[PDB]
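Below is one structure, written out as structure tokens, with a few remarks after it.
All Cβ positions, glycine included, derive from the backbone under ideal geometry; neighbour counts span all protein chains shown. No value in this document is a laboratory result; all are computed from the given coordinates.
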Number of protein chains: 2
Amino acid sequence: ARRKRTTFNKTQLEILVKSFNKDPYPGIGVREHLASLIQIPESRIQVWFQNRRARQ
Amino acid sequence: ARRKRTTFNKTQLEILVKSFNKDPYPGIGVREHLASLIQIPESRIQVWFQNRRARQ
DNA sequence: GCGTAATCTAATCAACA
DNA sequence: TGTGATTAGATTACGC
């Protein structure tokens with residue numbers, strides 16, 4: 001009943017890690033910007049940031 | 001900065017409440033179906049279902 | 001002003017590879 | 001066999 005597991009390539013992961021090192025708590029504007037930049041739904045990016053902050 | 005508060009009209013709330021009374025833990029397919037039906041992003045519908053289960 | 005949409009942490013599951 | 005997705009609790013704080 002779960003969604004298909006989202007896959008991130010090297011460029012998307014690099015951009016996400018750069019934005020995370022800049023700010024671990026991005027606002028809705030920055031999340032929407034990343035969503036339009038790397039072509040990933042914004043909810044997926046919010047989940048990615050939450051998982052990242054959880055692991056560290 | 002937070003996202004703008006999503007607004008639901010009477011019809012959207014009615015459809016969501018009927019689907020909730022049918023199944024409080026909808027799969028990704030039903031959430032995407034409701035998203036296409038009432039024209040609301042699927043993440044918003046998942047959040048709505050979680051908040052509903054949270055009240056009840 | 002209240003109801004409830006939104007966001008976070010802590011925990012757990014499971015899918016693609 | 002080894003990280004994205006989901007859930008439950010707390011909270012903050014807009015829209016109507």
Nearest-20 debye value, chain A charge dipole, Cβ charges on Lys, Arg, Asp, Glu: 360 debye
For chain B: rounded, prolate or oblate by the Cα gyration tensor [a/c cutoff 1.5]: rounded
Cα gyration tensor, the protein assembly as shown - rounded (a/c under 1.5), prolate or oblate: prolate
Value of [θ]222 nm, deg cm²/dmol, for the protein assembly as shown, DSSP H segments ≥ 4, -39500 (n - 2.57) each, nearest 500: -21500 deg cm²/dmol
